[PDB]
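# Per-entry structural report
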Amino acid sequence: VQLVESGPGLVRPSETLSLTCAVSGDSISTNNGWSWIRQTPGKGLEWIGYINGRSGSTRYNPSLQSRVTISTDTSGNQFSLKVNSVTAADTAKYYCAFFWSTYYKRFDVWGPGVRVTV
Amino acid sequence: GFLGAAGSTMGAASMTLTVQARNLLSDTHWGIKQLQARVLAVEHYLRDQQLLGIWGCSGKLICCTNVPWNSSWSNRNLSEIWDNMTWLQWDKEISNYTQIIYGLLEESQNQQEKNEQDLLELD
Amino acid sequence: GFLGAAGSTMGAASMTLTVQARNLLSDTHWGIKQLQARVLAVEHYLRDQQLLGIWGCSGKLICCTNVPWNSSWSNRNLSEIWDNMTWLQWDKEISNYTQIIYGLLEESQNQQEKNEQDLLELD
Amino acid sequence: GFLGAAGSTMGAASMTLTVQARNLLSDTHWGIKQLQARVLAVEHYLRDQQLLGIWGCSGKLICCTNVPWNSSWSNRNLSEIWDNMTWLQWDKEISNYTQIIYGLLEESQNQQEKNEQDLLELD
Amino acid sequence: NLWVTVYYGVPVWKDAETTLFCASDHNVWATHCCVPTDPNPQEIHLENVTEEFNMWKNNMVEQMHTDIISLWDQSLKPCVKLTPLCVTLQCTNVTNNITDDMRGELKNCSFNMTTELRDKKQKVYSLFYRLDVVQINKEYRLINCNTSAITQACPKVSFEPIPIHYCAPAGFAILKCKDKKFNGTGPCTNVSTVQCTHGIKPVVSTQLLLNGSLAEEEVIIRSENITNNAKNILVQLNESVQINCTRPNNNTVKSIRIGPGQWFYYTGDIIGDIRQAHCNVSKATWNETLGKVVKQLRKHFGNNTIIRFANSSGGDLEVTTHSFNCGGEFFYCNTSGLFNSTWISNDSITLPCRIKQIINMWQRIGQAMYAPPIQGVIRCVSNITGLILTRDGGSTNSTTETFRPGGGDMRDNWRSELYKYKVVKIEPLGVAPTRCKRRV
Ligand SMILES: *[C@@H]1O[C@H](CO)[C@@H](O[C@@H]2O[C@H](CO)[C@@H](O[C@@H]3O[C@H](CO[C@H]4O[C@H](CO)[C@@H](O)[C@H](O)[C@@H]4O)[C@@H](O)[C@H](O[C@H]4O[C@H](CO)[C@@H](O)[C@H](O)[C@@H]4O)[C@@H]3O)[C@H](O)[C@H]2NC(C)=O)[C@H](O)[C@H]1NC(C)=O
Ligand SMILES: *[C@@H]1O[C@H](CO)[C@@H](O[C@@H]2O[C@H](CO)[C@@H](O)[C@H](O)[C@H]2NC(C)=O)[C@H](O)[C@H]1NC(C)=O
Ligand SMILES: *[C@@H]1O[C@H](CO)[C@@H](O[C@@H]2O[C@H](CO)[C@@H](O)[C@H](O)[C@H]2NC(C)=O)[C@H](O)[C@H]1NC(C)=O
Ligand SMILES: *[C@@H]1O[C@H](CO)[C@@H](O[C@@H]2O[C@H](CO)[C@@H](O)[C@H](O)[C@H]2NC(C)=O)[C@H](O)[C@H]1NC(C)=O
Ligand SMILES: *[C@@H]1O[C@H](CO)[C@@H](O)[C@H](O)[C@H]1NC(C)=O
Ligand SMILES: *[C@@H]1O[C@H](CO)[C@@H](O)[C@H](O)[C@H]1NC(C)=O
Ligand SMILES: *[C@@H]1O[C@H](CO)[C@@H](O)[C@H](O)[C@H]1NC(C)=O
Ligand SMILES: *[C@@H]1O[C@H](CO)[C@@H](O)[C@H](O)[C@H]1NC(C)=O
Ligand SMILES: *[C@@H]1O[C@H](CO)[C@@H](O)[C@H](O)[C@H]1NC(C)=O
Ligand SMILES: *[C@@H]1O[C@H](CO)[C@@H](O)[C@H](O)[C@H]1NC(C)=O
Ligand SMILES: *[C@@H]1O[C@H](CO)[C@@H](O)[C@H](O)[C@H]1NC(C)=O
Ligand SMILES: *[C@@H]1O[C@H](CO)[C@@H](O)[C@H](O)[C@H]1NC(C)=O
Ligand SMILES: *[C@@H]1O[C@H](CO)[C@@H](O)[C@H](O)[C@H]1NC(C)=O
Ligand SMILES: *[C@@H]1O[C@H](CO)[C@@H](O)[C@H](O)[C@H]1NC(C)=O
Ligand SMILES: *[C@@H]1O[C@H](CO)[C@@H](O)[C@H](O)[C@H]1NC(C)=O
Ligand SMILES: *[C@@H]1O[C@H](CO)[C@@H](O)[C@H](O)[C@H]1NC(C)=O
Ligand SMILES: *[C@@H]1O[C@H](CO)[C@@H](O)[C@H](O)[C@H]1NC(C)=O
Ligand SMILES: *[C@@H]1O[C@H](CO)[C@@H](O)[C@H](O)[C@H]1NC(C)=O
Ligand SMILES: *[C@@H]1O[C@H](CO)[C@@H](O)[C@H](O)[C@H]1NC(C)=O
Ligand SMILES: *[C@@H]1O[C@H](CO)[C@@H](O)[C@H](O)[C@H]1NC(C)=O
Ligand SMILES: *[C@@H]1O[C@H](CO)[C@@H](O)[C@H](O)[C@H]1NC(C)=O
Ligand SMILES: *[C@@H]1O[C@H](CO)[C@@H](O)[C@H](O)[C@H]1NC(C)=O
Ligand SMILES: *[C@@H]1O[C@H](CO)[C@@H](O)[C@H](O)[C@H]1NC(C)=O
Ligand SMILES: *[C@@H]1O[C@H](CO)[C@@H](O)[C@H](O)[C@H]1NC(C)=O
Ligand SMILES: *[C@@H]1O[C@H](CO)[C@@H](O)[C@H](O)[C@H]1NC(C)=O
């Protein structure tokens, strides 16, 4: 699998974030562990959350959870992150990643990431 | 006592499951006939226990599962089934679907096991 | 070894329950007598397993229940029973209450199931 | 169908364990021989169930325990075992350690029961 | 790193010995194998499974043998005992209208027999084959009198073989080898799991095997140790050879009462000039299917050696001849007319036969049975589907080897059909490392 991040890096303090990642090599609908992580000078790596591509359910970092949602559109093998109450503190490099963790196997796939300034 | 609830409604009769459960275990020619009978009682007991284990139910008289109820098996109310019907009537009502339901119960448990192979929470 | 704990105190003896469990399972007239013996051993094994099922202790060697201990069954210090008695002595002391206790364990499990059926997630 | 997974890799084969379990419980001299065969089928079934009980895996087709894997029993990549090998091949590779592993599984469960006697919530 | 994970229902097995039961679709076989068979039984092909088979160590053969012996002993259990007939007989030769081929074969005997009342006797006259009667010192006795009691087989009980399917009990499985050229020993790569074997018809015979399965591609020669002269050779043909057997005279069956509720049957009289029993095989067909065997033998012994066939070496009638049950009658045919050729790189063959009624079956001493006579003229047609051959010892010599019809055990007749089946036990537990740990 190959992961490519996208979306605008120029965000006003009054609007939302919308980042859509492309997935190539497998389907979103057949897997789990699709997730977002961000990197900022104040915090090396902060998990955001992941989505189950088979069931559509999600899990979020409790500290971010109150303002964040993750969803998919499997017809184009894409998924996205949306944050509503976006502020200066949310400036970070955002990454698209695939986390595979099962009894018989472990691996990650990371995209190159994008930068967002608020 | 044993089968005392046979004429009771399903709801009322579900409270006597234990007494029924407890009554399942309790001249060459004659001796063979009796061994035949004892072995079979054991085999039947074990088959029911195995099915419950396969379906994910073990050590329970009442066990819930994830298989949806089909209106095609029986289109009735909860109040109708539990308050105005006995288990004998119910057993006849859906005897046509016994194997269908059992097949589905097994499939549901197998999916559950597959989901448990993930270390990821799957949320 | 098997029954090596027979002279041990109840506390110490309980440290080795598995050894006592693993030793429960293994000419026309001779053949029938042997089948008699084997079938019977199976029936006894299953009978005890069924009770553990009924009492809500399936699959365990040690199980906690909700039945209070009665001072009329045996009034001794907790440390007296566990440190200064063997299991054989204990069995003799309360042999008259065996069925009473078993009856209460069954009622307790039935009540627990009734509480589970409530769905307000409260006893 | 039954044993259709015999040539499958361990990973794939493990997807269908129920089919292999549900197929385990299906003139004077002839009559005695048949009773002996039925009794053995039951005794073997129960022996395996007892071990799962002792190891703390009762009621499960797949069970995770705390006994670590020894590199001397087999030293292969986890992916090598699950993707490039069948269960028949694996069973032959480690048949030498079967009894060692079983012994360790029993010891582990005994330690777990001792830890449950703690009441400090085991930490 | 990794922890043990326990799996139950693991698809593995090991070689095992168990008790099989039979099933089938006044016949002994049908009475015993009372369990019905499935229409359209299914089998499961096991893709990518290589298994090792050994037909010479197969215990399905041993069980089949043992169970067959039991059926015979149980079937004869309630039948009339003939102890009262072990008396001195006065016998003369039948010389009336007897051809030369049969001269001396029949003895016309008489004796003073009991009736249902203990104080009365009757004079009984009957015909016997010479093979059943021996001279005392003319005075004769039945051949079995100095060894054991004899039981009359019940005339209403049929031993005619029907297909029998052997089935495994729960917890066991039968693996079948489908490799086309499989010779009974070693690895097999096209295998499948079945619950029951195909039907096997339990025909009991000696030198030639009758009504079995055929090879599909070529004649297949199977042996335990091909260079060992102490071992037999089982040859499975890919074409059948038809053999037509007969007892040409019209025999008349008569009966007397021996005791209360007990009747004895005997041949009263034979109508017509007396001619010998015999079996025919097409000569051309027999020669063609012999040449096919020779070609396969050359593969093991060399295509520059000489393969010769010769008759049996000697021994008891039951060994040296081709024995079979035709219409219920017991025939012992001379195969020297078949095994007489040398192979170096229309008409029928007629085999004369002899018939006897006192039979020591299954190579046992005592426990004899008397085969009741059959009314009328007997005719049957059978398929030769295989041979049992032995090599005549030897050494390098002049590199000519001789194959003779073998004697053989009755087990060899079952081994030839069960060669593709193996019984294994299923062992559901196993362990393997994974990344999980007990949750808490
Ligand atoms: C190798 O395989 C062949 C083929 O299966 C066997 O040949 C058969 O052998 C049996 C037993 O001897 C024969 O059965 C007898 O059939 C008689 C009727 O024959 C006519 O009707 C049939 C109808 O199917 C025609 O095919 C046939 O040509 C005739 O027109 C019955 O009358 C016989 O009954 C006897 O037993 C009963 C028992 O209840 C008594 O009441 C009777 O009075 C009588 O004694 C009997 O059923 C069968 O017909 C043969 N088939 C063929 C095609 O010939 C070989 O025997 C077998 N080889 C070996 C070594 O076993
Ligand atoms: C003896 O051999 C003949 C063939 O030479 C067998 O008869 C054939 O059996 C096949 C079975 O698939 C049929 O398709 C053919 O039509 C049959 N041929 C004829 C001419 O009828 C016969 O069944 C064999 N006998 C025994 C007892 O096995
Ligand atoms: C075996 O073959 C012989 C011939 O070699 C058969 O005997 C002949 O039968 C015909 C009638 O069909 C008579 O006209 C001839 O005279 C007979 N020949 C001899 C030498 O007697 C015999 O019937 C065949 N037997 C079987 C069982 O097929
Ligand atoms: C065994 O007997 C059968 C008959 O039951 C013989 O078969 C017949 O042979 C004649 C030629 O003589 C043909 O015209 C018929 O069509 C054949 N009938 C059948 C049903 O096949 C057979 O040849 C005899 N076999 C031997 C070895 O003698
Ligand atoms: C039979 O029906 C009556 C209806 O009034 C009910 O009160 C009674 O409990 C029923 N009997 C049983 C055994 O449930
Ligand atoms: C069960 O429900 C499905 C729809 O999910 C329907 O197609 C089917 O006919 C129902 N009943 C049976 C017996 O199949
Ligand atoms: C299915 O139900 C019909 C009545 O609607 C009944 O006649 C039939 O026998 C039933 N079939 C089975 C397998 O129970
Ligand atoms: C027997 O009693 C003594 C008392 O000092 C104790 O130390 C010993 O362990 C006891 N034996 C067993 C088997 O418990
Ligand atoms: C159990 O305790 C109660 C008091 O709570 C007493 O009445 C009863 O008799 C006791 N049980 C027995 C067997 O004595
Ligand atoms: C009750 O227990 C005592 C021992 O404490 C015993 O002597 C008595 O026989 C028992 N009662 C009955 C009915 O067995
Ligand atoms: C046999 O190996 C092939 C390899 O491509 C695989 O696709 C097939 O599923 C295997 N058979 C079984 C029963 O696993
Ligand atoms: C298991 O691991 C121990 C170290 O913990 C080692 O000494 C031992 O040899 C290994 N293998 C076996 C079979 O005990
Ligand atoms: C140990 O493994 C070797 C190699 O597979 C085998 O030859 C030997 O018999 C095995 N020993 C035991 C006790 O299984
Ligand atoms: C009967 O046959 C035997 C054959 O050995 C012969 O010795 C004897 O003389 C014959 N008896 C009569 C009366 O022909
Ligand atoms: C039968 O008995 C008579 C005397 O009643 C005797 O003369 C005759 O020889 C005996 N015959 C036989 C064959 O035993
Ligand atoms: C019975 O008599 C025959 C013929 O003389 C002889 O060959 C056989 O050995 C004798 N049997 C016994 C047990 O003496
Ligand atoms: C196994 O069966 C297939 C047909 O399904 C055939 O092509 C292949 O040659 C067979 N393998 C052997 C060893 O006969
Ligand atoms: C034939 O028999 C030989 C032993 O004589 C054995 O090695 C070989 O595996 C067997 N099978 C085939 C198909 O040749
Ligand atoms: C038997 O095998 C030979 C091999 O040379 C072949 O010519 C013949 O046609 C085969 N017969 C049958 C019925 O397959
Ligand atoms: C085959 O037979 C020869 C005798 O000629 C013997 O030396 C050889 O060991 C036998 N083969 C086997 C595998 O036993
Ligand atoms: C004869 O034997 C030789 C070995 O010496 C072998 O190569 C050849 O294929 C065999 N068959 C024929 C027809 O030559
Ligand atoms: C084998 O044939 C010869 C004649 O070549 C004959 O003397 C011998 O008795 C025959 N063998 C048997 C067992 O009949
Ligand atoms: C078989 O036939 C030959 C013909 O030469 C004869 O010499 C031999 O004695 C016969 N053998 C038997 C057992 O009938
Ligand atoms: C064997 O064949 C020869 C002719 O080559 C013949 O003279 C002899 O009688 C035959 N043997 C038998 C037992 O028929
Ligand atoms: C078999 O027939 C052929 C003619 O097709 C003949 O040349 C050959 O010699 C015959 N077989 C024997 C053993 O004589």
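Per the deposited record, the coordinates in this entry were obtained by cryo-EM to a resolution of 3.5 Å.

Moving on, we come to the site of ligand 25. Residue and element names in this part refer to chain E. Around ligand 25, the surrounding shell consists of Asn287, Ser341 and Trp343. Contact distances for ligand 25 include 2.4 Å between an oxygen atom and a side-chain N or O atom of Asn287. Protein coverage of the free-state accessible area of ligand 25, which is 360 Å², stands at 28%.

The next thing to look at is the packing of helix 3 (residues 28-54) of chain B against helix 2 (residues 28-54) of chain C. Between two packed helices, the angle of one axis relative to the other and the distance separating the axes together describe the packing. Contact geometry for helix 3 of chain B and helix 2 of chain C: axes closest at 11 Å, N-to-C directions at 30°. What the angle tells us is that helix 3 of chain B and helix 2 of chain C run roughly parallel. With respect to the hand of their crossing, helix 3 of chain B and helix 2 of chain C are arranged in left-handed fashion. Residues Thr28, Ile32, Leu35, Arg38, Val39, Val42, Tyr45 and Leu46 of chain B of helix 3 of chain B lie in contact with helix 2 of chain C, whose contacting residues are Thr28, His29, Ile32, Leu35, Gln36, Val39, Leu40, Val42, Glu43, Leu46 and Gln50 of chain C. Residues belonging to the contact of helix 3 of chain B with helix 2 of chain C are distributed by class as follows: 12 nonpolar, 5 polar and 2 charged.

Another aspect to go through is the sheet that holds strand 27 (residues 368-370) of chain E. Strand-to-strand pairing in sheets goes through backbone hydrogen bonds, with the strands running parallel or antiparallel. Residues and elements named next belong to chain E. If you walk across this open sheet you meet the 3 strands as 11-27-26, and the pairing is mixed. Looking at the sheet topology across the chains shown, the edges are occupied by strand 11 (150-152) and strand 26 (358-359). Strand direction decides the pairing type here: strand 26 and strand 27, joined by 2 bridges, are antiparallel. For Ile359, the partnering residue across the bridge sits in strand 27 and is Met369.

Residue and element names in this part refer to chain A. Going through the model one piece at a time under the given rule, you end up with 14 disulfides over all chains. With a sulfur-sulfur separation of 2.0 Å, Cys21 is cross-linked through a disulfide to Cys96. In this structure the cystine formed by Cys21 and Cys96 twists about its S-S bond by roughly -85°; its chirality is therefore left-handed. Note that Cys21 is positioned in strand 2 (residues 17-24) and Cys96 in strand 8 (residues 92-102), a separation of 75 residues in sequence. On the basis of relative accessibility, which here comes to 0%, the residue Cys21 falls in the buried class.

Every contact between the two is made by 39 residues of chain E and, on the other side, 54 residues of chain D. Interface area lost by chain E to chain D is led by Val4, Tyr8 and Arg438 of chain E, which between them contribute 20%. The partner of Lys33 of chain D in a salt bridge is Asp67 of chain E, with the nearest N and O atoms 2.6 Å apart. Across the contact surface, chain E and chain D share 15 residue pairs in polar contact. Elements with a contribution of two residues or more to the side of chain E that touches chain D: strand 1 (3-8), strand 30 (421-426) and strand 31 (429-434) of chain E.

Between its first and last C-alpha atoms helix 6 (residues 98-115) of chain D spans 26 Å; for 18 residues at 1.5 Å apiece the expected length is 26 Å, and the two agree. Where helix 6 of chain D is buried, its residues contact helix 3 (28-54) and strand 1 (62-68) of chain D together with strand 1 and strand 31 of chain E.

This part takes up a nonpolar patch on the surface. A cluster of nonpolar side chains, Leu78, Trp82 and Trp87 of chain B, forms an exposed patch at the surface whose accessible area comes to about 330 Å². Summarising the element assignment, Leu78 of chain B is placed in helix 4 (residues 78-84).

Right, let's get into the sheet that holds strand 1 of chain E. The 3 strands lie next to each other as 1(D)-1(E)-31(E), forming an open sheet whose pairing is antiparallel. Of all the strands in the sheet, the pair left with one neighbour each is strand 1 of chain D together with strand 31 of chain E. On average, adjacent strands in this sheet sit at an angle of 30° to one another, irrespective of strand direction. The pairing of strand 1 of chain E with strand 31 of chain E spans 6 bridges and is antiparallel.

Further remarks concern the environment of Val67 of chain D. Here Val67 of chain D is to be found in strand 1. Along the sequence, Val67 of chain D and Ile32 of chain D sit 35 residues apart, while their C-alpha atoms lie 43 Å from each other. In contact with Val67 of chain D, not counting residues within four places along its chain, are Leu104, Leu105 and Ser108 of chain D together with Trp3 and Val4 of chain E.

The next thing to look at is the pairing of strand 23 (residues 329-333) of chain E. Within a regular strand, side chains alternate between the sheet's two faces. All names here are of chain E. Of all 5 residues that make up strand 23, 5 are buried, and the element is covered over most of its length. Burial along strand 23 is two-sided: the face carrying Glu329, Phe331 and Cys333 and the face carrying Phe330 and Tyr332 are both buried. Of the pairings in the sheet, the one linking strand 22 (residues 322-326) to strand 23 comprises 5 bridges and is antiparallel in character. Within strand 23, the residue paired with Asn325 across the bridge is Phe330. Between strand 22 and strand 23, which pair antiparallel in sequence order, lie 2 residues; one of them, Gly327, sits at a positive phi of approximately 75°. Looking at chain direction, strand 23 and strand 25 (residues 348-355) are connected through 3 bridges and run antiparallel. Its bridge partner lying in strand 25, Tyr332 is registered against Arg354.

For the rest of this paragraph, the subject is the packing of aromatic side chains. A complete count under the given rule lists 35 aromatic pairs over all chains for this structure. With a centroid separation of 6.1 Å and 65° between ring planes, the pair formed by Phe99 of chain A and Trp110 of chain A is classed as edge-to-face. Of this pair, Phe99 of chain A sits in strand 8 while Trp110 of chain A sits in strand 9 (residues 105-110), placing them 11 residues apart in sequence. Ring geometry for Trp69 of chain C and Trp73 of chain C: centres 5.0 Å apart, planes at 85°, overall edge-to-face. A relative accessible area of 8% means that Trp73 of chain C is categorised as buried. Members of the aromatic cluster, joined through ring pairs, are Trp34, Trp36, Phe79, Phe98, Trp100 and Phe107 of chain A.

Procedures and definitions
Residues numbered from 1 in each chain as written, not as in the entry; some residues may be left out. Chains lettered and ligands numbered in written order. Part of a larger assembly, values for the part shown. Heavy atoms only, no water. Near = heavy atom within 4 Å. Polar contact = N/O pair within 3.5 Å; in protein donor to acceptor, adjacent residues only side chain to side chain. Areas by Shrake-Rupley, 256 points an atom, 1.4 Å probe, with all protein chains shown as cover. Axes fitted to C-alpha atoms, helices over the stretch in contact; angles between N-to-C directions. Helix = DSSP H or I, 4+ residues; strand = E, 2+ residues; numbered from the N terminus. Parallel < 35°, antiparallel > 145°, perpendicular 65-115°, else oblique. Left-handed = near helix turned anticlockwise from the far one by under 90°. Contact = heavy atoms within 4.5 Å. Nonpolar A, V, L, I, M, F, W, Y, C, P; charged D, E, K, R; others polar. Pairing = 2+ DSSP bridges. Disulfide = S-S within 2.5 Å. Buried < 20%, exposed > 50% of the residue type's maximum accessible area, 1.4 Å probe, protein only. Buried area = accessible area lost by both parts, 1.4 Å probe. Salt bridge = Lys/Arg side-chain N within 4 Å of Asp/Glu carboxyl O. Expected span 1.5 Å × (residues − 1). Patch = residues over 30% accessible without salt bridge, like charges linked within 9 Å, V, L, I, M, F, W, Y side chains within 5 Å. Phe/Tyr/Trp six-rings, centres within 6.5 Å; stacked < 30°, edge-to-face > 60°.

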